[PDB]
$ cat model_28.cif   # mmCIF, C-alpha atoms and all ligand atoms
data_protein
#
loop_
_atom_site.label_atom_id
_atom_site.label_comp_id
_atom_site.auth_asym_id
_atom_site.auth_seq_id
_atom_site.Cartn_x
_atom_site.Cartn_y
_atom_site.Cartn_z
CA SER A 14 86.94 169.52 70.25
CA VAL A 15 89.85 167.08 69.84
CA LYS A 16 91.88 170.24 69.18
CA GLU A 17 90.73 171.72 72.50
CA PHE A 18 91.56 168.57 74.43
CA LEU A 19 95.07 168.49 72.94
CA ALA A 20 95.68 172.23 73.54
CA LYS A 21 95.15 171.70 77.27
CA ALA A 22 97.20 168.45 77.17
CA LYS A 23 100.10 170.47 75.76
CA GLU A 24 99.81 173.01 78.57
CA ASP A 25 99.94 170.24 81.16
CA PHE A 26 102.85 168.51 79.46
CA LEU A 27 104.98 171.63 78.93
CA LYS A 28 104.91 172.57 82.65
CA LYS A 29 106.41 169.19 83.57
CA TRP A 30 108.67 169.11 80.51
CA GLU A 31 110.25 172.42 81.54
CA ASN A 32 110.45 171.56 85.25
CA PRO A 33 110.97 167.77 85.54
CA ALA A 34 110.30 165.80 88.72
CA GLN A 35 113.60 164.45 90.14
CA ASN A 36 114.52 162.17 93.10
CA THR A 37 111.00 161.33 94.26
CA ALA A 38 111.75 157.99 95.92
CA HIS A 39 114.50 155.59 97.02
CA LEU A 40 115.08 151.86 96.29
CA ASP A 41 114.60 150.90 99.94
CA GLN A 42 110.96 151.98 99.64
CA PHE A 43 110.22 149.06 97.31
CA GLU A 44 110.21 145.32 97.67
CA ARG A 45 111.33 143.65 94.43
CA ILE A 46 109.33 140.65 93.36
CA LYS A 47 110.00 139.46 89.80
CA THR A 48 111.81 140.36 86.59
CA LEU A 49 109.19 141.07 83.93
CA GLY A 50 111.44 141.87 81.04
CA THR A 51 114.98 142.47 80.17
CA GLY A 52 116.98 144.84 77.97
CA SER A 53 120.43 145.82 76.69
CA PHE A 54 121.37 148.17 79.51
CA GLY A 55 118.06 147.61 81.32
CA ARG A 56 115.29 145.48 82.81
CA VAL A 57 111.86 145.93 84.34
CA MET A 58 110.82 144.38 87.65
CA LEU A 59 107.52 144.05 89.47
CA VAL A 60 107.99 145.81 92.79
CA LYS A 61 105.76 146.59 95.79
CA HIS A 62 105.74 150.09 97.29
CA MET A 63 105.79 149.38 101.04
CA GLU A 64 104.06 152.57 102.26
CA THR A 65 100.97 151.95 100.14
CA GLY A 66 101.13 148.24 99.17
CA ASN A 67 100.77 149.31 95.51
CA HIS A 68 102.46 147.26 92.79
CA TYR A 69 104.46 149.05 90.11
CA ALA A 70 106.81 148.24 87.21
CA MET A 71 110.31 149.41 88.01
CA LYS A 72 112.73 149.93 85.06
CA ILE A 73 116.36 149.67 86.16
CA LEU A 74 119.15 150.94 83.98
CA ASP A 75 122.83 150.33 84.68
CA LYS A 76 124.48 153.72 84.15
CA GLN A 77 127.82 152.26 82.90
CA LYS A 78 125.96 150.02 80.45
CA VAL A 79 123.91 153.01 79.22
CA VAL A 80 127.19 154.92 78.56
CA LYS A 81 128.82 152.01 76.70
CA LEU A 82 125.76 151.81 74.46
CA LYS A 83 125.79 155.58 73.75
CA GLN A 84 122.24 155.86 75.09
CA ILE A 85 122.81 158.66 77.67
CA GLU A 86 120.75 161.32 75.83
CA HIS A 87 118.07 158.75 74.86
CA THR A 88 117.69 157.70 78.51
CA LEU A 89 117.40 161.31 79.64
CA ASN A 90 114.72 161.69 76.94
CA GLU A 91 112.78 158.66 78.21
CA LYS A 92 112.66 159.85 81.81
CA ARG A 93 111.97 163.52 80.96
CA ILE A 94 109.13 162.59 78.58
CA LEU A 95 107.57 159.88 80.75
CA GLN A 96 107.48 162.08 83.86
CA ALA A 97 105.62 164.73 81.76
CA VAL A 98 102.97 162.76 79.86
CA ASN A 99 99.54 161.60 81.00
CA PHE A 100 97.29 159.53 78.75
CA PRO A 101 95.13 156.50 79.37
CA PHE A 102 97.31 154.24 77.17
CA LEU A 103 100.64 155.49 78.59
CA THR A 104 102.31 154.61 81.90
CA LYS A 105 103.64 157.97 83.18
CA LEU A 106 106.32 157.93 85.87
CA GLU A 107 105.05 157.71 89.45
CA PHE A 108 108.58 158.01 90.73
CA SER A 109 112.15 158.21 89.62
CA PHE A 110 115.52 158.28 91.35
CA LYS A 111 119.10 157.10 90.93
CA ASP A 112 121.85 155.70 93.08
CA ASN A 113 125.59 155.11 92.69
CA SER A 114 125.06 152.46 90.01
CA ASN A 115 121.55 152.60 88.57
CA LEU A 116 118.73 154.76 87.25
CA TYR A 117 115.19 153.84 88.31
CA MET A 118 111.82 154.65 86.79
CA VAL A 119 108.63 153.57 88.53
CA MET A 120 105.42 153.23 86.49
CA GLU A 121 101.97 151.59 86.51
CA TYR A 122 102.15 147.77 86.33
CA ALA A 123 100.23 146.09 83.53
CA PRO A 124 99.35 142.60 84.82
CA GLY A 125 98.05 141.22 81.49
CA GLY A 126 101.52 140.66 79.99
CA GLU A 127 102.84 141.68 76.53
CA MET A 128 100.65 141.64 73.40
CA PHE A 129 103.60 139.75 71.87
CA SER A 130 103.01 136.76 74.18
CA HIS A 131 99.30 136.44 73.41
CA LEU A 132 99.68 137.12 69.70
CA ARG A 133 102.36 134.48 69.31
CA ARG A 134 100.45 131.96 71.43
CA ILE A 135 97.06 132.50 69.79
CA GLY A 136 98.64 132.93 66.37
CA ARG A 137 96.72 135.95 65.10
CA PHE A 138 93.96 138.33 66.11
CA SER A 139 90.59 138.78 64.38
CA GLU A 140 90.16 142.08 62.56
CA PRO A 141 87.90 143.44 65.34
CA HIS A 142 90.43 142.32 67.96
CA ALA A 143 93.23 143.99 65.91
CA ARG A 144 91.12 147.13 65.51
CA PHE A 145 90.44 147.44 69.22
CA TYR A 146 94.20 147.67 69.84
CA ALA A 147 94.95 149.81 66.75
CA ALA A 148 92.49 152.45 67.88
CA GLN A 149 94.36 152.97 71.16
CA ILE A 150 97.66 153.22 69.28
CA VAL A 151 96.03 155.75 66.93
CA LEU A 152 94.90 157.87 69.86
CA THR A 153 98.25 157.62 71.64
CA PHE A 154 100.19 158.74 68.57
CA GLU A 155 97.77 161.63 68.10
CA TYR A 156 98.60 162.67 71.69
CA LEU A 157 102.36 162.13 71.55
CA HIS A 158 102.73 163.78 68.11
CA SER A 159 100.79 166.86 69.21
CA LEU A 160 103.44 167.18 71.91
CA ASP A 161 106.14 167.04 69.24
CA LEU A 162 107.06 163.56 70.50
CA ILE A 163 108.12 160.73 68.17
CA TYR A 164 107.84 157.23 69.75
CA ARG A 165 110.07 155.15 67.40
CA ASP A 166 109.64 151.61 68.78
CA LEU A 167 106.15 150.31 68.11
CA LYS A 168 106.00 146.52 68.39
CA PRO A 169 103.90 143.94 70.30
CA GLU A 170 106.75 143.37 72.78
CA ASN A 171 106.20 146.93 74.01
CA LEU A 172 102.39 146.78 74.13
CA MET A 173 101.35 145.71 77.65
CA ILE A 174 97.79 144.41 78.37
CA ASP A 175 96.15 145.76 81.55
CA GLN A 176 93.54 144.15 83.85
CA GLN A 177 90.72 145.48 81.65
CA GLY A 178 92.32 144.22 78.41
CA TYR A 179 93.31 147.71 77.25
CA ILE A 180 96.84 148.68 76.18
CA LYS A 181 99.77 150.53 77.64
CA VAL A 182 102.37 151.75 75.18
CA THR A 183 105.62 151.25 77.08
CA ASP A 184 109.40 151.59 76.63
CA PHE A 185 110.29 155.15 75.59
CA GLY A 186 114.05 154.50 75.28
CA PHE A 187 113.95 156.02 71.72
CA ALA A 188 111.17 158.59 72.22
CA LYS A 189 112.21 162.16 71.48
CA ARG A 190 110.80 165.67 71.49
CA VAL A 191 111.77 167.12 68.16
CA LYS A 192 110.31 169.81 65.91
CA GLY A 193 111.17 169.14 62.29
CA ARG A 194 113.37 166.27 61.31
CA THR A 195 115.74 163.76 62.97
CA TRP A 196 118.34 161.23 61.88
CA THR A 197 119.07 158.54 64.44
CA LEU A 198 119.07 154.97 63.18
CA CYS A 199 116.90 153.24 65.82
CA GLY A 200 113.91 151.00 66.31
CA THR A 201 113.32 147.35 65.52
CA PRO A 202 114.18 145.96 62.02
CA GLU A 203 110.69 144.66 61.09
CA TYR A 204 109.09 148.07 61.97
CA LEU A 205 111.59 150.53 60.39
CA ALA A 206 110.26 152.95 57.76
CA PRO A 207 112.25 152.98 54.50
CA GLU A 208 113.32 156.61 55.33
CA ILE A 209 115.18 155.35 58.37
CA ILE A 210 116.84 152.52 56.47
CA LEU A 211 117.89 154.89 53.67
CA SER A 212 119.42 157.29 56.27
CA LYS A 213 117.24 160.18 55.36
CA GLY A 214 116.10 162.78 57.80
CA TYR A 215 112.69 161.67 59.07
CA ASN A 216 109.80 162.66 61.27
CA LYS A 217 106.67 161.39 63.07
CA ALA A 218 105.52 159.68 59.83
CA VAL A 219 107.74 156.69 60.76
CA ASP A 220 105.39 156.02 63.71
CA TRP A 221 102.45 155.76 61.23
CA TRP A 222 104.42 153.33 59.04
CA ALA A 223 105.21 151.25 62.20
CA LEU A 224 101.44 151.28 62.90
CA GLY A 225 100.95 149.65 59.51
CA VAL A 226 103.38 146.90 60.39
CA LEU A 227 101.72 146.30 63.76
CA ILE A 228 98.17 146.02 62.33
CA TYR A 229 99.47 143.68 59.65
CA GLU A 230 101.28 141.50 62.22
CA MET A 231 98.26 141.47 64.60
CA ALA A 232 95.89 140.44 61.75
CA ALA A 233 98.23 138.01 59.92
CA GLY A 234 100.19 136.63 62.93
CA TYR A 235 103.46 137.48 61.21
CA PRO A 236 105.02 140.75 59.95
CA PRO A 237 104.80 142.07 56.34
CA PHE A 238 108.59 142.02 56.02
CA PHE A 239 110.44 139.12 57.61
CA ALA A 240 113.61 137.04 57.06
CA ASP A 241 116.37 135.48 59.20
CA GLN A 242 118.76 138.46 59.15
CA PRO A 243 118.06 142.19 59.43
CA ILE A 244 119.71 142.98 56.03
CA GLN A 245 117.30 140.73 54.19
CA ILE A 246 114.43 142.41 56.06
CA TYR A 247 115.68 145.88 55.03
CA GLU A 248 115.84 144.67 51.40
CA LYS A 249 112.13 143.73 51.57
CA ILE A 250 111.10 146.95 53.26
CA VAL A 251 112.68 149.24 50.63
CA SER A 252 111.65 146.96 47.68
CA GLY A 253 108.05 148.10 48.03
CA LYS A 254 105.92 144.96 47.69
CA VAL A 255 103.67 143.85 50.56
CA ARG A 256 101.63 140.63 50.11
CA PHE A 257 98.45 140.38 52.19
CA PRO A 258 96.79 137.16 53.47
CA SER A 259 93.64 136.09 51.58
CA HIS A 260 91.67 136.50 54.77
CA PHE A 261 92.54 140.19 54.98
CA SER A 262 89.35 142.11 54.37
CA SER A 263 89.09 144.72 51.60
CA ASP A 264 89.16 147.66 54.02
CA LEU A 265 92.17 146.28 55.88
CA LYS A 266 94.25 145.94 52.74
CA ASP A 267 93.38 149.54 51.75
CA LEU A 268 94.33 150.96 55.18
CA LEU A 269 97.66 149.09 55.06
CA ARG A 270 98.50 150.21 51.51
CA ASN A 271 98.11 153.79 52.87
CA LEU A 272 100.18 153.27 56.11
CA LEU A 273 102.83 151.07 54.51
CA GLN A 274 103.29 153.77 51.87
CA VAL A 275 106.94 154.51 50.92
CA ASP A 276 105.85 157.81 49.30
CA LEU A 277 105.66 160.38 52.19
CA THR A 278 103.24 162.62 50.28
CA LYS A 279 100.63 159.83 50.35
CA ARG A 280 101.29 158.02 53.70
CA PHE A 281 98.25 158.32 55.99
CA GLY A 282 98.90 160.21 59.22
CA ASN A 283 101.29 162.47 57.27
CA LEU A 284 98.90 164.34 54.95
CA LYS A 285 97.01 167.65 55.22
CA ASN A 286 94.09 165.98 57.02
CA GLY A 287 96.50 164.44 59.58
CA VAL A 288 95.25 161.59 61.79
CA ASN A 289 91.68 161.89 60.52
CA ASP A 290 92.58 160.07 57.26
CA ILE A 291 93.16 157.11 59.58
CA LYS A 292 90.32 157.81 62.02
CA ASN A 293 87.78 158.17 59.16
CA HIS A 294 89.02 155.19 57.13
CA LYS A 295 86.23 152.57 56.57
CA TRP A 296 88.21 149.90 58.47
CA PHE A 297 87.62 152.02 61.61
CA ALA A 298 83.92 152.79 60.84
CA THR A 299 82.64 150.87 63.88
CA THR A 300 85.18 152.57 66.13
CA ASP A 301 83.68 154.96 68.67
CA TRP A 302 86.88 156.90 69.36
CA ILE A 303 85.51 158.71 72.41
CA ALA A 304 84.46 155.37 73.93
CA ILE A 305 87.94 153.85 73.26
CA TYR A 306 89.55 156.86 74.98
CA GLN A 307 87.03 156.53 77.81
CA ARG A 308 87.58 152.72 78.05
CA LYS A 309 83.80 152.12 77.79
CA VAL A 310 84.35 149.60 74.99
CA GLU A 311 84.36 145.91 75.92
CA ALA A 312 87.79 144.32 75.40
CA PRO A 313 87.72 141.37 72.97
CA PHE A 314 90.16 139.54 75.25
CA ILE A 315 90.62 140.08 79.00
CA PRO A 316 93.61 138.68 80.85
CA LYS A 317 93.27 135.69 83.11
CA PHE A 318 94.16 137.07 86.54
CA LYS A 319 94.10 135.22 89.84
CA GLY A 320 95.42 137.96 92.13
CA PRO A 321 97.00 141.40 92.29
CA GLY A 322 100.75 141.06 91.72
CA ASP A 323 100.12 137.71 89.99
CA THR A 324 102.63 137.30 87.16
CA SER A 325 101.40 134.22 85.24
CA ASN A 326 100.99 136.27 82.03
CA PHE A 327 104.75 136.93 81.93
CA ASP A 328 107.71 134.75 81.00
CA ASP A 329 110.34 133.81 83.60
CA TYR A 330 113.77 135.46 83.46
CA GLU A 331 116.81 134.69 85.61
CA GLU A 332 116.87 136.99 88.59
CA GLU A 333 120.00 139.14 88.71
CA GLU A 334 121.08 141.12 91.76
CA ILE A 335 120.50 144.87 91.84
CA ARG A 336 124.02 145.78 92.91
CA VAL A 337 124.97 149.23 94.20
CA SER A 338 128.58 150.36 94.05
CA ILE A 339 130.09 152.26 96.99
CA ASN A 340 131.35 154.73 94.38
CA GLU A 341 129.09 156.98 92.27
CA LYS A 342 129.29 156.14 88.60
CA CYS A 343 128.70 158.53 85.73
CA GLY A 344 127.41 161.38 87.93
CA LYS A 345 127.86 164.15 85.37
CA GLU A 346 126.33 162.17 82.54
CA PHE A 347 123.09 161.71 84.49
CA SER A 348 123.00 164.90 86.57
CA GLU A 349 119.52 165.95 85.37
CA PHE A 350 117.96 162.49 85.89
CA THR B 5 102.88 128.72 53.57
CA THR B 6 104.00 132.12 54.83
CA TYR B 7 102.88 131.13 58.33
CA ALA B 8 105.15 128.01 58.12
CA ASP B 9 108.05 130.12 56.82
CA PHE B 10 107.59 132.55 59.72
CA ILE B 11 107.42 129.82 62.39
CA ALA B 12 110.56 128.20 60.93
CA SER B 13 112.41 131.56 61.02
CA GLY B 14 114.81 132.77 63.71
CA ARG B 15 112.62 135.82 64.41
CA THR B 16 109.48 134.59 66.15
CA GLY B 17 110.84 135.36 69.61
CA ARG B 18 111.31 138.77 71.16
CA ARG B 19 113.02 141.19 68.83
CA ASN B 20 115.78 143.49 70.03
CA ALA B 21 116.07 147.19 69.22
CA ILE B 22 118.83 148.38 66.83
CA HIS B 23 120.95 151.49 67.62
CA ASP B 24 124.29 151.76 65.70
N1 LIG C 401 107.77 144.36 77.19
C1 LIG C 401 108.31 144.81 78.51
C2 LIG C 401 107.68 144.01 79.65
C3 LIG C 401 108.03 144.60 81.00
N2 LIG C 401 107.55 145.99 81.08
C4 LIG C 401 106.41 146.35 81.84
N3 LIG C 401 105.66 145.33 82.34
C5 LIG C 401 104.58 145.63 83.07
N4 LIG C 401 104.09 146.83 83.37
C6 LIG C 401 104.86 147.82 82.87
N5 LIG C 401 104.67 149.16 82.99
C7 LIG C 401 105.66 149.78 82.32
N6 LIG C 401 106.52 148.91 81.77
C8 LIG C 401 106.00 147.66 82.11
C9 LIG C 401 108.23 146.81 80.07
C10 LIG C 401 107.97 146.30 78.67
#
$ encode --input "model_28.cif" --output "structure tokens"
Amino acid sequence: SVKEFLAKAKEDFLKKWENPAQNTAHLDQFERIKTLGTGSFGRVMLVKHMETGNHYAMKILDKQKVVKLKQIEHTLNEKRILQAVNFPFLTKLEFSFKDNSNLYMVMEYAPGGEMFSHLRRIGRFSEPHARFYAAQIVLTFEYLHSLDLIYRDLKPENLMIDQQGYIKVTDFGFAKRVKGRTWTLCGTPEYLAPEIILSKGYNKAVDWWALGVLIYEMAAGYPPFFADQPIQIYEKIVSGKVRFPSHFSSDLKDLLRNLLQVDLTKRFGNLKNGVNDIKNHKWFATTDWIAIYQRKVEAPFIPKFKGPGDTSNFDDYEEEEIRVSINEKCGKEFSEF
Amino acid sequence: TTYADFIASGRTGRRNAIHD
């Protein structure tokens, strides 16, 4: 069954969770090529592994910047979780290591670019296009949640398209293994559940709310709650009140009313029947879940490649040195990394 | 239109995480 598959998945995950891989490469083993994305204390570069000629995405965090942002424990979470998972829509760690200045995490490279880029350019996705992506998010959450993992940063910016037009759910800076309830204020304003905004304890159900926002944004081309400033966005989120575009099909609207549900006792994903309330919703009726997992389904859009290590589906960022101090920084803070 | 209001907004580009 699904249950059987997940039981084994847990066994695989827990072994790595309890005994994390550590120090499995060195910077000098990679040739850096291009910055693919940037972050607060971090950035991701395309690199080439010299021994194999394989291309990877290398996330580089500045240890001092992590400490100033109070993201030490969150960073340890990201690395510990990503070295332990394995799922077709996740990019597990191939390698990690650290040096005097930086932390490094090396993962599968998705050459298709961010969903964000294509969604913004094209404007919106058709319902079948939106559903193709949603399905993979549904499956990924089912996997993560069964591992007691909450993801906490669903948005198109983090959804990477691969060469076959399938999705990688990336950036686990806020992902956490937690049984029961947690309190940290984190995520992205447009995608925050009202629980988070109202500083309640919360759980995995916030990932299912964020799914509602995503599917809305994919199908409309804009989010259900937007404004110029985060406060105004939080006002809209807690108000209740979601307006749907006229072109939203009947089934879509119903699915979204059930994901974007402020009442936790009624929010899909969170009920007695779990993920199956979503999986068996009429909007997903044409979804062959096994075939999505297996990647047998034909992608509704497939990225325009013209080489391996081609980066035309990414924006251009200024290229910053990767500097390495002669002194070790923050050694204690990151001892287990 | 809501589309036009979105496109005119300051939040059509990449959106940063919040943290405290
Ligand atoms: N939105 C960001 C774009 C750069 N990133 C990335 N890009 C490409 N392949 C990857 N594998 C893991 N992370 C990545 C991280 C997310």
$ residues_around --input "model_28.cif" --residues "stretch 10-23 of chain B" --least-positions-apart "2" --cutoff "6 Å" --atoms "all atoms listed in the file" --output "number ranges by chain"
A: 198-201, 241; B: 7-8
$ residues_near_ligand --input "model_28.cif" --ligand "ligand LIG 401 (chain C)" --cutoff "10 Å" --atoms "only C-alpha atoms and all ligand atoms" --output "PyMOL selection string"
(chain A and resi 48-52+55-59+68-72+103-106+118-130+168-175+181-185+324+327-328) or (chain B and resi 18)
$ axis_aligned_box --input "model_28.cif" --around "stretch 232-250 of chain A" --padding-each-side "8 Å" --output "JSON"
{"center_x": 107.8, "center_y": 141.2, "center_z": 57.2, "size_x": 39.8, "size_y": 27.5, "size_z": 27.5}
$ residues_around --input "model_28.cif" --residues "residue A:217" --least-positions-apart "3" --cutoff "10 Å" --atoms "only C-alpha atoms" --output "JSON list (two decimals) with C-alpha atoms, in the coordinates of the input"
[["chain", "number", "residue", "atom", "x", "y", "z"],
["A", 154, "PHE", "CA", 100.19, 158.74, 68.57],
["A", 157, "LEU", "CA", 102.36, 162.13, 71.55],
["A", 158, "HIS", "CA", 102.73, 163.78, 68.11],
["A", 161, "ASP", "CA", 106.14, 167.04, 69.24],
["A", 162, "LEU", "CA", 107.06, 163.56, 70.50],
["A", 163, "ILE", "CA", 108.12, 160.73, 68.17],
["A", 164, "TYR", "CA", 107.84, 157.23, 69.75],
["A", 165, "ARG", "CA", 110.07, 155.15, 67.40],
["A", 191, "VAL", "CA", 111.77, 167.12, 68.16],
["A", 192, "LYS", "CA", 110.31, 169.81, 65.91],
["A", 193, "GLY", "CA", 111.17, 169.14, 62.29],
["A", 194, "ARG", "CA", 113.37, 166.27, 61.31],
["A", 195, "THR", "CA", 115.74, 163.76, 62.97],
["A", 220, "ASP", "CA", 105.39, 156.02, 63.71],
["A", 221, "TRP", "CA", 102.45, 155.76, 61.23],
["A", 222, "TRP", "CA", 104.42, 153.33, 59.04],
["A", 282, "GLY", "CA", 98.90, 160.21, 59.22],
["A", 283, "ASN", "CA", 101.29, 162.47, 57.27]]
$ closest_residue --input "model_28.cif" --among "A:149, A:96, A:289, A:259" --to "chain B" --atoms "only C-alpha atoms"
A:259
$ closest_residue --input "model_28.cif" --among "A:332, A:75, A:140, A:248" --to "residue A:113" --atoms "all atoms listed in the file"
A:75
$ residues_near_point --input "model_28.cif" --point "(92.9, 167.2, 73.9)" --cutoff "12 Å" --atoms "all atoms listed in the file" --output "list in words"
residues 14, 15, 16, 17, 18, 19, 20, 21, 22, 23, 24, 25, 26, 99, 100, 152, 153, 155, 156, 157, 158, 159, 160, 303 and 306 of chain A
$ atom_distance --input "model_28.cif" --atom1 "atom CA of residue A:275" --atom2 "atom CA of residue A:87"
26.7 Å
$ atom_distance --input "model_28.cif" --atom1 "atom CA of residue A:253" --atom2 "atom CA of residue A:131"
29.3 Å
$ atom_distance --input "model_28.cif" --atom1 "atom CA of residue A:166" --atom2 "atom CA of residue A:344"
27.9 Å
$ closest_residue --input "model_28.cif" --among "A:214, A:141, A:243, A:101" --to "chain B" --atoms "all atoms listed in the file"
A:243
$ residues_around --input "model_28.cif" --residues "residue A:94" --least-positions-apart "3" --cutoff "9 Å" --atoms "only C-alpha atoms" --output "list in words"
residues 26, 29, 30, 33, 89, 90, 91, 97, 98, 105, 162, 185, 188, 189 and 190 of chain A
$ build_atoms --input "model_28.cif" --residues "stretch 7-24 of chain B" --atoms "N, CA, C and O atoms" --output "mmCIF file, keeping the file's coordinate frame"
data_model
loop_
_atom_site.group_PDB
_atom_site.id
_atom_site.type_symbol
_atom_site.label_atom_id
_atom_site.label_comp_id
_atom_site.auth_asym_id
_atom_site.auth_seq_id
_atom_site.Cartn_x
_atom_site.Cartn_y
_atom_site.Cartn_z
ATOM 1 N N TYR B 7 102.930 131.515 56.928
ATOM 2 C CA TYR B 7 102.880 131.130 58.330
ATOM 3 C C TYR B 7 104.008 130.135 58.656
ATOM 4 O O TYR B 7 104.815 130.416 59.533
ATOM 5 N N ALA B 8 104.112 129.037 57.899
ATOM 6 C CA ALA B 8 105.150 128.010 58.120
ATOM 7 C C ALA B 8 106.557 128.575 57.957
ATOM 8 O O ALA B 8 107.458 128.223 58.709
ATOM 9 N N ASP B 9 106.741 129.451 56.979
ATOM 10 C CA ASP B 9 108.050 130.120 56.820
ATOM 11 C C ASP B 9 108.376 131.016 58.012
ATOM 12 O O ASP B 9 109.536 131.051 58.460
ATOM 13 N N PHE B 10 107.387 131.756 58.509
ATOM 14 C CA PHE B 10 107.590 132.550 59.720
ATOM 15 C C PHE B 10 108.006 131.702 60.915
ATOM 16 O O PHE B 10 108.997 132.009 61.593
ATOM 17 N N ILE B 11 107.232 130.647 61.181
ATOM 18 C CA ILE B 11 107.420 129.820 62.390
ATOM 19 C C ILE B 11 108.781 129.112 62.373
ATOM 20 O O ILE B 11 109.398 128.870 63.432
ATOM 21 N N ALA B 12 109.245 128.807 61.164
ATOM 22 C CA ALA B 12 110.560 128.200 60.930
ATOM 23 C C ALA B 12 111.712 129.196 61.014
ATOM 24 O O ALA B 12 112.892 128.775 61.018
ATOM 25 N N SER B 13 111.389 130.499 61.048
ATOM 26 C CA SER B 13 112.410 131.560 61.020
ATOM 27 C C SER B 13 113.001 131.746 62.422
ATOM 28 O O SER B 13 112.416 131.337 63.437
ATOM 29 N N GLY B 14 114.164 132.384 62.461
ATOM 30 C CA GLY B 14 114.810 132.770 63.710
ATOM 31 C C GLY B 14 114.247 134.022 64.372
ATOM 32 O O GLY B 14 114.825 134.515 65.341
ATOM 33 N N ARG B 15 113.104 134.528 63.910
ATOM 34 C CA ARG B 15 112.620 135.820 64.410
ATOM 35 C C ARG B 15 111.173 135.811 64.857
ATOM 36 O O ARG B 15 110.410 136.778 64.640
ATOM 37 N N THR B 16 110.813 134.721 65.537
ATOM 38 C CA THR B 16 109.480 134.590 66.150
ATOM 39 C C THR B 16 109.540 134.931 67.634
ATOM 40 O O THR B 16 108.515 135.186 68.252
ATOM 41 N N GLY B 17 110.730 134.956 68.219
ATOM 42 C CA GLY B 17 110.840 135.360 69.610
ATOM 43 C C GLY B 17 110.941 136.859 69.752
ATOM 44 O O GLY B 17 110.725 137.609 68.788
ATOM 45 N N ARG B 18 111.266 137.328 70.949
ATOM 46 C CA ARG B 18 111.310 138.770 71.160
ATOM 47 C C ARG B 18 112.415 139.417 70.348
ATOM 48 O O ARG B 18 113.549 138.929 70.288
ATOM 49 N N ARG B 19 112.097 140.557 69.751
ATOM 50 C CA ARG B 19 113.020 141.190 68.830
ATOM 51 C C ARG B 19 113.693 142.376 69.466
ATOM 52 O O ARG B 19 113.028 143.264 69.962
ATOM 53 N N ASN B 20 115.022 142.395 69.432
ATOM 54 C CA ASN B 20 115.780 143.490 70.030
ATOM 55 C C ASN B 20 115.800 144.759 69.162
ATOM 56 O O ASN B 20 115.816 144.712 67.932
ATOM 57 N N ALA B 21 115.774 145.900 69.840
ATOM 58 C CA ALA B 21 116.070 147.190 69.220
ATOM 59 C C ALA B 21 117.449 147.198 68.513
ATOM 60 O O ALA B 21 118.364 146.454 68.899
ATOM 61 N N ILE B 22 117.563 148.024 67.469
ATOM 62 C CA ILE B 22 118.830 148.380 66.830
ATOM 63 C C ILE B 22 119.223 149.793 67.313
ATOM 64 O O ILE B 22 118.377 150.545 67.850
ATOM 65 N N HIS B 23 120.465 150.197 67.070
ATOM 66 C CA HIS B 23 120.950 151.490 67.620
ATOM 67 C C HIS B 23 122.154 152.169 66.938
ATOM 68 O O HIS B 23 122.352 153.380 67.130
ATOM 69 N N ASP B 24 122.921 151.409 66.147
ATOM 70 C CA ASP B 24 124.290 151.760 65.700
ATOM 71 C C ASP B 24 125.309 151.056 66.608
ATOM 72 O O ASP B 24 125.399 149.823 66.595
#
